[PDB]
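Structure below; questions to follow.
Letters go in sequence order (proteins before strands), and every chain restarts at 1. All heavy atoms count here, side chains included; hydrogens, waters and symmetry mates do not.
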Amino acid sequence: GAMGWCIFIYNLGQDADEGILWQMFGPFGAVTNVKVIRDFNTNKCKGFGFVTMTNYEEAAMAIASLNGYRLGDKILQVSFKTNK
Amino acid sequence: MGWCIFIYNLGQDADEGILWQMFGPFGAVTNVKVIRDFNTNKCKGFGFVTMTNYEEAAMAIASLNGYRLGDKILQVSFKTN
RNA sequence: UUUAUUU
């Protein structure tokens, strides 16, 4: 719908930035927003972020390819965002 | 803040209650956490306690290291970087 | 075997 679908990415590095998210997700389809969550005191990435994709089937393709992807030396976890 | 204490060789079913019961008697404790596998939610075998007072943390460590928890011998120490 | 897990 209008909100799109929100994807949660875990196991980003301390120097990860929005550019790394756009680059990873952009290829699978329309991406409308990205955000890296950063540590209040250090300004480093706390290790996770969010990407909003418009179309469910493109979001599902992204998650299938990127969940388990090795970025630097860490195995990413990616899935649709849950509440909290 | 306080002094962070590392506890290794916790079993799968270990929880915060067991850590509170062990370390509580030695002095002020402000946090306990058991580390769990994100998927299975089973304790991965270690946890942490934060105690406020350096000398009380020392006493807990010297007293509890080698403590037998179920079938397992615990390793307790000041947390390393 | 030394805690970033959902803005």
Side-chain angles (χ1 to χ4, degrees), chain A residues 2-22 24-25 31-54 56 59-60 62-63 66-83, chain B residues 1-12 14-20 22-23 29-52 54 57-58 60-62 64-81:
Chain A
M3 286 288 94
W5 303 98
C6 181
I7 304 175
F8 171 61
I9 304 93
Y10 185 73
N11 234 18
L12 295 173
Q14 219 162 71
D15 291 324
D17 57 14
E18 280 78 17
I20 271 64
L21 295 172
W22 286 112
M24 276 185 348
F25 284 90
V31 180
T32 229
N33 181 82
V34 314
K35 197 166 156 208
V36 174
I37 307 304
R38 291 166 174 100
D39 189 289
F40 176 87
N41 262 358
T42 74
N43 304 16
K44 305 296 286 218
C45 166
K46 297 176 78 82
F48 55 90
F50 297 97
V51 165
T52 298
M53 288 194 78
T54 308
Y56 173 77
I63 290 157
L66 304 169
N67 184 52
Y69 171 59
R70 202 195 132 177
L71 168 68
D73 70 322
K74 293 127 85 94
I75 300 285
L76 306 184
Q77 301 159 26
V78 44
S79 55
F80 289 109
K81 184 200 187 290
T82 49
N83 293 347
Chain B
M1 208 31 253
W3 291 81
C4 194
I5 299 173
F6 177 71
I7 300 93
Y8 181 83
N9 214 15
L10 297 184
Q12 282 204 34
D15 65 5
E16 284 79 7
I18 167 218
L19 289 185
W20 286 110
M22 273 175 54
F23 285 83
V29 173
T30 62
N31 179 272
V32 309
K33 188 148 150 190
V34 170
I35 304 306
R36 287 162 184 104
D37 185 89
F38 174 78
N39 293 307
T40 57
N41 207 65
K42 293 265 100 173
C43 177
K44 307 182 158 178
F46 60 89
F48 298 100
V49 177
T50 296
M51 290 182 76
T52 308
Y54 184 34
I61 287 166
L64 298 164
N65 182 47
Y67 174 92
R68 190 190 155 166
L69 180 82
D71 309 86
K72 288 156 161 85
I73 295 180
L74 302 188
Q75 186 204 300
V76 356
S77 58
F78 284 120
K79 193 177 175 297
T80 54
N81 288 212

request  = Could you tell me the separation between the CE atom of A/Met3 and the P atom of C/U7, rounded to a whole number of Å?
outcome  =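 Rounding to the nearest Å, CE of A/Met3 and P of C/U7 are 16 Å apart.
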
Length of the line joining B/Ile61:CD1 and C/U2:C1', which is rounded to integer Å =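 So the two atoms are 13 Å apart, to the nearest Å.
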
ask   = Are there more than 12 heavy atoms of other residues, nucleotides or ligands under 6.0 Å from atom CD1 of B/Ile73?
value =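 Counting other residues, nucleotides and ligands, CD1 of B/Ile73 stays at 12 neighbours or fewer.
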
task = Take atom NZ of A/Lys81 and atom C1' of C/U7, then tell me their distance rounded to the nearest Å.
result =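 Nearest whole value for this atom pair: 7 Å.
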
query = What integer distance in Å separates A/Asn83:CG from C/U5:P?
reply =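 These atoms are roughly 17 Å apart.
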
ask   = Residues from residues 2-9 of chain B sitting under 4.0 Å of RNA chain C, heavy atoms only?
value =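 Nucleic-acid contacts, sorted: B/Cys4, B/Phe6, B/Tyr8.
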
ask   = Is any side-chain heavy atom of A/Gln77 less than 4.5 Å from a side-chain heavy atom of A/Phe48?
value =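 Contact flag for A/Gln77/A/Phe48 side chains = no.
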
inquiry  = Any side-chain to backbone donor/acceptor pair from A/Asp39 onto A/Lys46? Under 3.5 Å, distance only.
reply    =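 No: the side chain of A/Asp39 does not pair with the backbone of A/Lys46.
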
query = Is there a side-chain contact between B/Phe48 and B/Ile35, using heavy atoms and a 4.5 Å cut-off?
reply =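 They are in side-chain contact.
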
query = CD of A/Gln77 versus P of C/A4: gap in Å, rounded?
reply =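 In whole Å, C/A4 P lies 10 Å from A/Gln77 CD.
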
ask   = Taking atom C1' of C/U2 as reference, at what distance in whole Å does atom CG of B/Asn81 sit?
value =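 Between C1' of C/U2 and CG of B/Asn81: 9 Å.
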
key: Distance in angstrom units between A/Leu21 CG and C/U7 P, rounded   =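 Atom-to-atom, A/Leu21 to C/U7, this comes out as 15 Å.
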
Positions of residues 30-45 of chain B (non-hydrogen atom under 4.0 Å from RNA chain C), listed by number =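 Under 4.0 Å from RNA chain C: B/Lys33, B/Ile35, B/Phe38.
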
message = Between C/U5 and A/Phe48, is there a base-stacking contact, meaning the centre of the base's six-membered ring lies under 5.5 Å from the residue's ring centre while the planes stay under 30° apart?
response =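 Stacking between A/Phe48 and C/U5: absent.
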
key: B/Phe23 vs B/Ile5, side chain to side chain contact (heavy atoms under 4.5 Å, CB included): CA-CA, chis, key distance, verdict   = CA-CA 10 Å; B/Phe23 285 83; B/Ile5 299 173; 3.9 Å; yes

request  = Mind checking salt bridge (charged side-chain N to carboxylate O under 4.0 Å, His left out) for A/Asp15 and listing every partner two or more places apart, or none if nothing turns up?
outcome  =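 Salt bridge (charged side-chain N to carboxylate O under 4.0 Å, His left out) check on A/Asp15 returns A/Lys44.
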
ask   = Are more than 12 heavy atoms from other residues, nucleotides or ligands located less than 6.0 Å from atom CZ of A/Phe80?
value =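 Count over threshold, so yes.
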
query = Atom NZ of B/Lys72 and atom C1' of C/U1: how far apart are they, to the nearest Å?
reply =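 Roughly 14 Å, once rounded to whole Å.
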
query = Heavy-atom distance under 4.5 Å between the side chains of A/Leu66 and A/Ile9, does that happen here?
reply =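 No, their side chains stay 4.5 Å or more apart.
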
inquiry  = For A/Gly72, is there any backbone N or O sitting under 3.5 Å from a side-chain donor or acceptor partner on A/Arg70?
reply    =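 Side chain of A/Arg70 to backbone of A/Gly72, a donor-acceptor pair under 3.5 Å: yes, one is there.
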
query = Mapping A/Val51 and B/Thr50 onto RNA chain C by nearest heavy atom, which one lands closer to the 5' end?
reply =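 By nearest-heavy-atom nucleotide position, the 5'-most residue is B/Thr50.
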
